[PDB]
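The data below hold one chain only, encoded as structure tokens and taken in the form solved without the ligand.
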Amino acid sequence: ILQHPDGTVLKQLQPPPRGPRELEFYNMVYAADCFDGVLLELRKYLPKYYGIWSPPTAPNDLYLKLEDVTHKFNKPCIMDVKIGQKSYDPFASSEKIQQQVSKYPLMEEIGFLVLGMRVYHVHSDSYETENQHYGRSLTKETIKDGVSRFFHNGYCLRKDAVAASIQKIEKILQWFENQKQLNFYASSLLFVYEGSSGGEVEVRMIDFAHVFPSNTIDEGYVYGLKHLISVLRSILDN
């Protein structure tokens, strides 16, 4: 991700077939002539999409131009959470399924994985960050405390941001309960709250390298959303 001061991010297309698949997804969703009620509703939960971009002197170098969801925040606290029971797609080989399950073999039980967080601490005027190893180290026993950390500013638990997150996830969950034309593997929710405030939160869907047409509910995604909501709910009892 490259932040731009014009309030957008440029995401470089990943290698084939992932990058091309993601470009195609955004193009389908944000088709100018799209009248599909499901896809029109979905746009509410994605970053705004400004089309494909490439440097003036480099047509080969493909990016997606996306809304920077963190632009309107003073001290944005950011967490990326992968959603679902399977991070591998319907066209994965045995080798690839094994790779994907191994990266975080706990995916099926929990239904989500924290990919990283960046949390502003008020009393130090500074950021702590966690990388992919943090979330991959979380278990059933420690997932609640693991997620809680995102909402801890170093004096209070931000239950306002927790409750707001639940309410925004609930809307995404309602979208998933009302569609059976897309299944999402290895896709994420991006959480952003204001670290500096009260209950002002972004929750957006990102990372669409493994979205496929379907004829079923995305039961894996739903399981993950619900577990994540359940965890956030229990954090409110702290």
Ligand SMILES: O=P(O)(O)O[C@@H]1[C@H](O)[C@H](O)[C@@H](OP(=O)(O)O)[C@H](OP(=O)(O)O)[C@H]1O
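The numbering used is simple: start at 1 and walk along the sequence shown.
The form deposited with the ligand bound exists for this protein as well; it is not shown, and the discussion that follows is about that form.
- Listed residues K72, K140, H123, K96 were compared with the ligand in the entry with it bound; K96 is the one with a heavy atom within 4.5 Å.
- Checked against the ligand in the entry with it bound, the candidates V29, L182, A186, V203 yield a single residue with a heavy atom inside 4.5 Å, and that residue is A186.
- At the 4.5 Å threshold, heavy atoms of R18 reach the ligand in the entry with it bound.
- In the entry with it bound, at least one heavy atom of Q132 sits within 4.5 Å of a heavy atom of the ligand.
- Interface residue remark: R136 is counted as part of the site for the ligand in the entry with it bound, having a heavy atom within 4.5 Å.
- Residue contact with the ligand in the entry with it bound: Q100 places a heavy atom within 4.5 Å of it.
- The partner is not shown here, but in the entry with it bound the stretch 61 to 89 reaches within 4.5 angstroms of the ligand through a heavy atom at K82 alone.
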